[PDB]
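In C-alpha cells, the next block holds one chain alone, the form deposited in one PDB entry.
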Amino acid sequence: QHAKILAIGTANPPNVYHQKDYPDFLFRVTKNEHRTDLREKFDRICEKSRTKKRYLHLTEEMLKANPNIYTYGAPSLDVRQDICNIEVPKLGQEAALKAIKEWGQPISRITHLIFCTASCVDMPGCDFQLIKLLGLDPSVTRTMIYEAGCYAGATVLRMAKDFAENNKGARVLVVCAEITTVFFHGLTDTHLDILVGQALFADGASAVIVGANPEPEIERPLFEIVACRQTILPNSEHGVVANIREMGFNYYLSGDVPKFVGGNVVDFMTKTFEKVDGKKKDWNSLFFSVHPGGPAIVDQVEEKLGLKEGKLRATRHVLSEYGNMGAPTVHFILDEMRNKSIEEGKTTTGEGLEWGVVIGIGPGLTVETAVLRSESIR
C-alpha cells in the first residue's frame, strides 16, 4: 500500500515575459544598454535556453521603486524579503486550492503539510502563513523546507511518502512555491553566472496531495510513489551555490553541471531502480519527469540513458512554456504528462507506461530520484 499522488495543481504570477523580448527588457530596466558586450553574451544564452516564456512576479515598477534590486551588490535583502515572504505563500495558496479541488475532499481532512521554498525565509514560516490562508486544521503536522534548491521537487515526494505510509489515514498537502525576486541581480562582467539565471529562472508553485490507501471510487490516484534515493555527485560542490546575503540571494553556477549530471545518471538511475527490482531496467520503458535546470541537463539525461526521440517531451514542454521554476517544476511536468496522456487517449497517466521516475537536481550537486508507477486513466 504505497503512497499515491491524488491531485496536482499549479499556479504562476500573472505577468508573462516572452524570451524574445527579455534581453531588451532586462537591459533597459537595469540601465545597462551601454553594455554591448554583456548584451551579446546574454543573447547567446537566451538563444540556447529552450525557454519561450516565463511568468514573473517582479515588475518594472518594483524595480523603479527599489533600484537597489538591480544595483549589483547593493543592500536589498530586506525589500526582497518583504515581497517574497508575502507572495510565496499566496502563490502556494492558489496552487493548493487547485489541488484540493481535484482531490475532492474537505480541507479538514488534510493531516500533514509540507511547504518548500528557496525564495524566502521567516519565523513563523510559509507553512504557518498557508495554514492561515487555507484554514487548515491548526494541528496539522508540518514540515517547512527552506532553501533546499532544485532537487526538492523529488525530496518532498519522498517525505510525503514516509508521512503518508507511517500514519494511517494521513493526507499530506505538499506545496512548493518560488518567487525569484530574491535572486534577481544586475549585471557585471565579474559575475557572468547572473546571465544564466536571468535567462532561465522563473516563478511558479505546485501543490500535490499524497495519501496511502486511497478510498475506492472516491479518491482518484494519479501516480504511486514506490521508492526514492538521494545522493551527492562526487567532486561537484562548486556546481550550484547560493548564499543568503545583504544583497539578496546570490548564486554561482558551474558550466560543468550538465557534464556532472550526464556522468552520473546511469549510476543514480541504476541504484535507484535496485531498490525496486533485481532485474536490469530498459530506460526507454520508463516515463520521466526531469528537473530542467537548463536545456543541457535535459540533453545529458537523454544522451546517457539512450532515450528515444520524444521521450522527454513533457519535460521540454514545461521548460519551454514556464522556464526553470525550481522545485515545483517536476510537478508541472507530471501534470503536463497526465494531461497529454488524457489528450492522446493513453491507458495510463505515464504516457501509457507503467514505471517512471522523477529526477531532481540541485546544490551538492545533489540528485534525488523518486520511482513512480502510473495509474489507469479510466
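So that there is no doubt, residue numbering starts at 1 and follows the sequence shown.
- Higher average CA B factor: 189 to 197, of the stretches 162 to 170 and 189 to 197.
- Higher mean CA B-factor, judged across 247 to 255 and 88 to 96 from the recorded values: 247 to 255.
- Within the selection 153, 104, 278, 211, the deposited Cα B-factor values reach their highest point at 278.
- Note on the listed residues 292, 221, 124, 75: the highest Cα temperature factor in the record is that of 75.
- Sorting the modelled residues of the chain by their CA temperature factor places residue 322 in the middle third.
- When the CA B factors of the chain's modelled residues are split into thirds, the value for residue 16 lands in the highest one.
- When the CA B factors of the chain's modelled residues are split into thirds, the value for residue 338 lands in the lowest one.
- In the deposited entry, the Cα temperature factor of residue 68 sits in the top third of values across the chain's modelled residues.
- Among the modelled residues of its chain, residue 23 has a C-alpha B-factor that falls in the highest third according to the deposited record.
Absent from the display: the form solved in complex with a small molecule. The rest refers to it.
- For the candidate spot formed by 64, 67 and 248, no residue has a non-hydrogen atom within 4.5 angstroms of the small molecule in the deposited bound form.
- Heavy atoms within 4.5 Å of the small molecule in the deposited bound form are found in exactly one of 269 to 277, 89 to 97, 208 to 216, 292 to 300, that being 292 to 300.
- None of the heavy atoms of residue 128 is located within 4.5 Å of the small molecule in the deposited bound form.
- A residue is said to contact a partner when one of its heavy atoms sits within 4.5 Å of a partner heavy atom; residue 316 fails this definition for the small molecule in the deposited bound form, lying far away.
- Interface membership of residue 32, defined by any non-hydrogen atom within 4.5 Å of the small molecule in the deposited bound form, is ruled out.
- The closest non-hydrogen atom of residue 201 lies within 4.5 Å of the small molecule in the deposited bound form.
- In terms of contact with the small molecule in the deposited bound form, the residue from 150, 222, 164, 84 that brings a heavy atom within 4.5 Å is 150.
- When you look in the deposited bound form, the only residue of 144, 286, 196, 226 with a non-hydrogen atom within 4.5 Å of the small molecule is 196.
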